[PDB]
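Chains as they are written, first to last, in the numbering used here: chain A, 17 to 256; chain B, 149 to 370; chain C, 102 to 429. Read through the structure below, which is laid out as structure tokens, and then see the notes.
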DNA sequence: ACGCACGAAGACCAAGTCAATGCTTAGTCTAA
Ligand SMILES: [Zn+2]
């Protein structure tokens, strides 16, 4: 895939809705997924309504929405893709911690989109940049766009295991929060501050926010075993 | 035309950039500020943000980037997760609704969404010395950076004040300008370290998603 | 244009820090499991590097007021003291989109995302109020860049500077205030007290019996009114420095900022409305290195032009400008 | 008579943390 809207016609294969206008002016980017809207394509003027609180993430002021985004803005699409991973084969659910560990330790090779919501249901279909290479995974968490490097996650897990190797009571070296909301998120704990070497402390302080978020779901006393997430595109298509 | 190292010292913590913070983008922003002060706010910003004292690298396919590496982030302290909210005072809005200042017929506010939504967001704050490498004019770059006061982002709330800056000529062997978003078909010999393929813009502005292209992004800098 | 406001808080300033933090009776933050723990709401502390105890660099927390809080306080002061009375004098009425844009810069009025022509940008960014605080569906870049309220402390020397060294405080400036909530039913003492209650003695008896049963069940393994806890505040009397910069300000915008600074003393800082926290008095206002704060507020021969410009702007201000800015 | 009000609803996994700062010892005379 190339664009967030490309997930529709490639893994959902949903035909465009009826009654959509046809573009007849100089091409302009979509207001959601930044896809160009060329002459002869199907679009619709923006009618997001007063309850749309994602104006800051709009690609442009074209006020035009391509049919793929019009599909992606349906309630069944927003709810189904709350904790989704959209790859070529299908849409997978990464809600469970084991799924997150598998994704951030053994990512799929193909381009994919990573979905995650910080509340009941949020606009995430059209805000996630594509992950071209598995070594640089871009994850959209609520209003935060994260960059996760699997090698950094593996190195941090190795550091935590080596620091907790001797002590019988397991204790995390770095303070992390699943919601990425705590005031101490990403800061070293007392055990990390006074039981780790200078190189390990410098590495743990110099990780990206996305890596902290991922370790908040992976790094624990009993590391979850990675497992393949289930196929979810069937459920979303049936509910639509 | 000359090889440079740009060092920026902070007097206040800055927002830790989620993606690469590029020297050329900052220079373009400062140039746009200069042309705004000289002409006004009616200018097109895209007509003046390439007039920078930096020489360009052009690849086989014509894709070109500034020779200005992304800023290196070395943290003098652990990153602090800063919390900010947003809310409209409900009692004040109710008073205005009663007095006719506000034309709202709805009975209740909705903190979950709508005009009276309460929102919670976070961004990290870091104390760092900003060092980056570029090829250009020392005098003009130093002049442009003289008017720069804040670094990174969230400047409206005063994040990332500049205590000072320094521009020095350094040997080429120290560190190259390549630590940035290079075009897809860039030559391997000029790349410093491992380069992962990802989607990013090659010219400022870097937040414009319509300008995003597949590019080689340094793994040891993102 | 640099504005330096020297603020001394008469009452303690309480900006609640997110998180569930505990404290013991003796005052130990996060006491161990051995002793009793009570919830604590600490003040907003920012990790800063400083030369503490003759050290080269120490990351010590500094109790501050967030810059976004100061920005919103300035916006509310302008709205409630100059903008709203001026619009009321014209009997102006604002829609929900315009009002949301004016009071929080919320794009809910027109979340479609509206393009802005260069002439429109020039006209609107020159607005006396909406130009300073960008936002709305258009969502411009505001000309106002307000810094956080850093206290004049030993650890804030590298953030504030050495210009106000005479007012610095060496020791800690945080204190713990304990609160308590009592069940009013348990404080009844005579049938005259229970006369106002419809159930009289029977209702109070049932209330007390329910409380006792709930307490016994909780001890063995619905929450009552009784509660004991504390919240941490910055001690009163500490001086603060507020730095405000306006990028390319017009005369009207500077006049509005000066008017807000004149009326800023009537407002509160951060939270604590119930306990009258955050009360402060302006001590000095500095405009581009020139002191302007007279005992009768911001005045002088060098600021009459700003006041005249803002008065003229208020005379001709209409709600149509707000509607156009909010694309309503 | 399109615009706005207002409930129902649909995603639904789920840990480990919560200090960040202590530090010593007597010469000057050159304005009333
Ligand atoms: Zn689209």
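Virtual Cβ for every residue (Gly too), placed ideally from N, Cα, C.
When you compare each of the options to residue i by their alpha carbons, which one comes out closest?
i	options	result
residue 53(A)	61(A), 43(A) and 62(A)	43(A)
residue 242(A)	121(A), 190(A), 141(A) and 226(A)	121(A)
residue 425(C)	142(C), 324(C) and 199(C)	199(C)
residue 231(B)	357(C), 243(C), 417(C) and 146(C)	146(C)
residue 71(A)	216(C), 212(C), 124(C) and 110(C)	212(C)
residue 178(C)	367(C), 322(C), 429(C) and 380(C)	367(C)
residue 384(C)	268(C), 236(C) and 290(C)	268(C)
residue 353(C)	233(C), 323(C), 151(C) and 134(C)	233(C)
residue 338(C)	392(C), 102(C), 108(C) and 104(C)	108(C)
residue 410(C)	388(C), 172(C), 132(C) and 229(C)	229(C)
residue 246(A)	109(A), 256(A), 183(A) and 205(A)	109(A)
residue 237(B)	364(C), 398(C), 355(C) and 207(C)	207(C)
residue 312(C)	170(C), 325(C) and 300(C)	325(C)
residue 340(B)	355(B), 330(B) and 348(B)	330(B)
residue 346(B)	191(B), 338(B) and 365(B)	365(B)
residue 155(A)	114(A), 176(A), 133(A) and 171(A)	133(A)
residue 335(B)	188(B), 207(B) and 169(B)	207(B)
residue 112(A)	30(A), 105(A) and 101(A)	101(A)
residue 284(B)	162(B), 199(B) and 169(B)	199(B)
Can you grab the Cα-Cα spacing for the pair residue i / residue j, in whole Å?
i	j	result
residue 135(A)	residue 271(B)	18 Å
residue 161(A)	residue 50(A)	16 Å
residue 265(B)	residue 257(B)	8 Å
residue 423(C)	residue 197(C)	11 Å
residue 281(C)	residue 332(C)	11 Å
residue 306(C)	residue 294(C)	14 Å
residue 213(B)	residue 148(A)	21 Å
residue 211(B)	residue 367(B)	21 Å
residue 370(B)	residue 275(B)	18 Å
residue 15(A)	residue 320(C)	This structure cannot speak to residue 15(A), because chain A is shown only from 17 to 256.
residue 321(B)	residue 292(B)	26 Å
residue 221(B)	residue 237(C)	33 Å
residue 218(A)	residue 156(B)	21 Å
residue 362(B)	residue 146(A)	10 Å
residue 273(C)	residue 255(C)	10 Å
residue 273(B)	residue 353(B)	23 Å
residue 295(B)	residue 357(C)	25 Å
residue 264(C)	residue 192(A)	39 Å
residue 176(B)	residue 205(A)	40 Å
residue 167(B)	residue 326(B)	16 Å
residue 240(B)	residue 387(C)	31 Å
residue 290(B)	residue 184(B)	19 Å
residue 182(B)	residue 358(B)	26 Å
residue 191(C)	residue 413(C)	14 Å
residue 242(B)	residue 238(A)	51 Å
residue 123(C)	residue 323(C)	22 Å
residue 61(C)	residue 241(C)	Residue 61(C) cannot be examined here, being either before or after the span of chain C that is shown, 102 to 429.
residue 195(C)	residue 376(C)	33 Å
Just confirm the distance between the C-beta atoms of residue i and residue j, as a whole number of angstroms; I'd bet it's less than 8 Å.
i	j	result
residue 79(A)	residue 62(A)	4 Å
residue 343(C)	residue 106(C)	4 Å
residue 23(A)	residue 129(A)	6 Å
residue 329(C)	residue 115(C)	Actually they do not touch by this definition, with Cβ atoms about 18 Å apart.
residue 158(C)	residue 159(B)	Wrong, their Cβ atoms sit about 14 Å apart, outside the cutoff.
residue 172(C)	residue 304(B)	7 Å
residue 252(C)	residue 165(C)	7 Å
residue 282(B)	residue 178(B)	That belief does not hold up - the Cβ atoms of residue 282(B) and residue 178(B) are roughly 13 Å apart, past 8 Å.
### Query
Just by C-beta distance, which residues in the region 210-230 of chain C are closer than 9 Å to chain B?
210, 219, 220, 222, 223, 226 and 227
### Message
Please output, in chain order, the residues near ligand 1 using a CB cut-off of less than 7 Å to any non-hydrogen atom of the ligand.
### Response
21(A), 46(A), 48(A), 49(A), 51(A), 81(A), 82(A), 84(A), 85(A) and 142(A)
### Query
In the region 117-136 of chain A, which residues sit with their C-beta less than 7 Å from some C-beta in chain C, listed in chain order?
none
### Message
Please list, in chain order, the residues of the region 22-44 of chain A that have any C-beta partner in chain C closer than 9 Å.
### Response
none
### Query
Listed from N- to C-terminal order along the chain, which residues in the region 313-336 of chain B have their beta-carbon within a distance smaller than 7 Å of any beta-carbon of chain C?
none
### Selection of the region 73-95 of chain A by Cβ proximity to chain C, strictly under 7 Å
74, 77 and 79
### Message
For the region 118-150 of chain C, list every residue whose C-beta sits within 7 Å of some C-beta in chain A, in sequence order.
### Response
118, 119 and 120
### Query
Using a beta-carbon distance cut-off of less than 8 Å, what residues from the region 233-259 of chain C approach chain A?
238 and 240
### Task
Mind checking the region 242-262 of chain B against chain A and listing, in chain order, the residues whose C-beta falls within less than 7 Å of any C-beta there?
261 and 262
### Query
At a Cβ cut of 7 Å, what residues of the region 193-206 of chain C count as close to chain A, listed as they run along the chain?
none
### Query
What residues in the region 163-175 of chain C have a beta carbon less than 9 Å from any beta carbon of chain B?
167, 168, 169, 170, 171, 172 and 173
### Query
What residues in the region 182-215 of chain A bring their beta carbon closer than 9 Å to a beta carbon of chain C?
197, 198, 199, 200 and 203
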